[PDB]
Amino acid sequence: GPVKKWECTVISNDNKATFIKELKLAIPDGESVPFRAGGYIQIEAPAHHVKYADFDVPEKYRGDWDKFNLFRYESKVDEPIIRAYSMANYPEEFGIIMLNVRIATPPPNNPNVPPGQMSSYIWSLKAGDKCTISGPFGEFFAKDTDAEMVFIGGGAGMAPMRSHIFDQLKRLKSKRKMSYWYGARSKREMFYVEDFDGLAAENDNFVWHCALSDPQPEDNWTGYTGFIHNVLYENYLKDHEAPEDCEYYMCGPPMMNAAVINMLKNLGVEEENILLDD
Ligand SMILES: Cc1cc2nc3c(=O)[nH]c(=O)nc-3n(C[C@H](O)[C@H](O)[C@H](O)COP(=O)(O)OP(=O)(O)OC[C@H]3O[C@@H](n4cnc5c(N)ncnc54)[C@H](O)[C@@H]3O)c2cc1C
Ligand SMILES: NC(=O)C1=CN([C@@H]2O[C@H](COP(=O)(O)OP(=O)(O)OC[C@H]3O[C@@H](n4cnc5c(N)ncnc54)[C@H](O)[C@@H]3O)[C@@H](O)[C@H]2O)C=CC1
Ligand code: NA
């Protein structure tokens, strides 16, 4: 009754990184989900059986798949399932839902356990497939203030970061000072580069930076390296006159969230200015 549902068509489902796919969904009749940036939807899947060997993984991203023999895996799901995924589009990107979905493979120290149910299903989807979503939901919303904003994302945590940043600069026409600090493992794992480069070129109040935590020899990389929290500290927060006056929004793997939070507390940032999704 109260929660709305849409039967969507898959527009595309391309790899954006070795272990991340961008699922793009078309909403029926060109309508839009009435969400807020930072929110999420629930995807549901029927019973199914999929093989990793059938995933479309481009050769550019296949290196670690071959290296760890990840095409061995199969996922057998006996009953319908449901999971949450965050919108990577912002609300005025009408008619679509964009998601960034990390494949949850078996842990390497435990390789024979079942692969992740829903991410394996999503990775099997191809253009033209149908996909049912409900919502929207969420609580990871921007504060309505004039404070400087610092966004920290890592890996698939890109999704709500993109939603938030575009919402501020395009829908809200914000003049707030904004920066985005994004951690990727190596150059091929970067994505949405055109999106944020364009925003920074058009908005004097927005800048962004990528740090590579494991740069590869073929990257010819001369930018920032290491964990993103160390890069943000060294190149911006260390010398900030008043880091406690900023609002920090972050989404990354658990160990990135913990390192960022620790660093901000050590700088005297208060918990009300440190925001994560639940
Ligand atoms: C609000 C919210 C927003 C989210 N947004 C996103 C998003 O934007 N993008 C995203 O990628 N995810 C997101 N997530 C996480 C997402 O919902 C899923 O939890 C994730 O995709 C994994 O689900 P799964 O069904 O693929 O894996 P599951 O089936 O839940 O399995 C999880 C992992 O456990 C492993 N495992 C299984 N059995 C065992 C065992 N016996 N021992 C050890 N390990 C085992 C699996 O191989 C897999 O690695 C979000 C979650 C929430 C709550
Ligand atoms: N809860 C939510 O709203 C959302 C959750 N996610 C989750 O985000 C996760 C992202 O994971 P991946 O893409 O595999 O990330 P990853 O392995 O590619 O790492 C991304 C970056 O995180 C940082 N990082 C990683 N390990 C670190 C450590 N030990 N210490 C400090 N920094 C570290 C590095 O800068 C690294 O480049 C996924 O598991 C996904 O489920 C994704 C989107 C939204
Ligand atoms: Na700029």
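Only bridges whose two residues both fall in the chain count here: according to DSSP, what percent of them are antiparallel, nearest 5? Intermediate values should be presented prior to the final figure.
Working: 34 of 56 bridges.
Rounded to the nearest five, the antiparallel share is 60 percent.
Can you give the charge dipole size of the chain about its Cα centre, rounded to the nearest 20 debye, using +1 on the beta carbon of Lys and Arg and -1 on the beta carbon of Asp and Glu?
On the way: 29 positive and 42 negative charges, 146 e Å.
The dipole magnitude comes to about 700 debye.
Sum up the charges of everything whose Cβ sits under 13 Å from the Cβ of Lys126, counting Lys and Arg as +1 and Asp and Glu as -1, but leave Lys126 out.
On the way: positive: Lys21, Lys24, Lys130; negative: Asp14, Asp54, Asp56, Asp129.
Result for the local shell: -1.
Going by Cα centres, segment 171-240 and segment 245-278 are how many Å apart?
17
Span-like helices, the chain: DSSP H, alpha-carbon axial extent 27 Å or more, mean Kyte-Doolittle 0.5 or greater, which ones? Present the calculation step by step, with values, prior to reporting the outcome.
Working: long enough: none.
Result, helices passing both filters: zero.
If a/c stays under 1.5 just call it rounded; otherwise compare a/b with b/c (prolate if a/b is bigger, oblate if not). Do that for segment 1-138, with a ≥ b ≥ c from the square roots of the Cα gyration tensor eigenvalues.
Details: a/c = 2.06, a/b = 1.67, b/c = 1.24.
Prolate is the answer for segment 1-138, as a/c is 1.5 or above and a/b outweighs b/c.
Would you work out which of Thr9, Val101, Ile165 lies farthest towards the positive end of the dipole of the chain, given +1 charges on the beta-carbon of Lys and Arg and -1 on that of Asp and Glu, about the Cα centre?
Result: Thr9.
Output the relative contact order of segment 149-267, whole-number percent, from Cα pairs under 8 angstrom with separation of 6+ residues. If you can, show how the numbers build up before the last one.
Working: 169 pairs, mean separation 40.2, N = 119.
Dividing the mean separation by the residue count of segment 149-267 yields 34 percent.
Among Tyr61, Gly154, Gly135, which residue has its Cα furthest toward the positive end of the charge dipole of the chain, with +1 on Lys/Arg Cβ and -1 on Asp/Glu Cβ?
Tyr61
Relative contact order (percent) for segment 1-138, with alpha-carbon contacts under 8 angstrom and 6 or more residues of separation?
Over segment 1-138, the number comes to 41 percent.
Given Cα pairs under 8 Å that are at least 6 residues apart, what percent is the relative contact order of the chain? Write down the numbers at each step before the final one.
Working: 571 pairs, mean separation 56.7, N = 278.
Answer for the chain is 20 percent.
Where both partners of a DSSP beta bridge lie in segment 149-278, what percent of those bridges are antiparallel, to the nearest 5? Show your work: numbers first, answer last.
Values: 0 of 22 bridges.
Within segment 149-278, antiparallel bridges account for around 0 percent of the total.
For segment 112-161 and segment 7-60, what is the separation of their C-alpha centers, rounded to whole Å?
One Cα centre to the other: 10 Å.
Of the trypsin sites (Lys or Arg not before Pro) in segment 44-145, which ones lie in a loop per DSSP and count no more than 13 other C-beta atoms within 10 Å?
On the way: sites: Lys51, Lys60, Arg62, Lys67, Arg72, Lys76, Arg83, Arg102, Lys126, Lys130, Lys143; in loops: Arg62, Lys126, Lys143.
Qualifying residues, ordered by number: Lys126, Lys143.
Excluding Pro115 itself, calculate the net charge of residues whose Cβ lies under 14 Å from the Cβ of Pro115, where each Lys or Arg counts +1 and each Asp or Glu counts -1.
Within the 14 Å Cβ shell, the charges total +3.
Going through segment 177-278, which GluC sites (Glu not before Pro) have at most 10 other Cβ atoms within 10 Å and a DSSP loop state?
Values: sites: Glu189, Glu194, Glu202, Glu218, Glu234, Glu241, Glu244, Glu247, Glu270, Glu271, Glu272; in loops: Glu241, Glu270.
Sparse-neighbourhood loop GluC sites (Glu not before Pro): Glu241, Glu270.
Sum up the charges of everything whose Cβ sits under 10 Å from the Cβ of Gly135, counting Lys and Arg as +1 and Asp and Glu as -1, but leave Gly135 out. Present the calculation step by step, with values, prior to reporting the outcome.
Working: positive: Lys4, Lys5; negative: none.
Its environment carries a net charge of +2.
What's the percent breakdown of Cα-Cα distances in the chain across 5 Å bins, shortest bin first?
With a bin width of 5 Å, the distribution comes to 1, 5, 12, 16, 18, 17, 14, 10, 6, 2, 0, 0.
Are any of the pairs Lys60/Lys265; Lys4/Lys170; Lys5/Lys170; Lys126/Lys173 more than 31 Å apart by Cα-Cα distance, and if so, which? The partial results should precede the final answer.
Working: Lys60/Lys265 39 Å; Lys4/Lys170 26 Å; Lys5/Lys170 27 Å; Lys126/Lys173 35 Å.
Cα-Cα > 31 Å for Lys60/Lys265; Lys126/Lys173; rest within.
Neighbour counts are summed over all protein chains in view; Cβ atoms, including those assigned to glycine, are modelled from backbone coordinates with ideal geometry. Each value in this text was obtained by applying a stated rule to the coordinates, not by laboratory testing.
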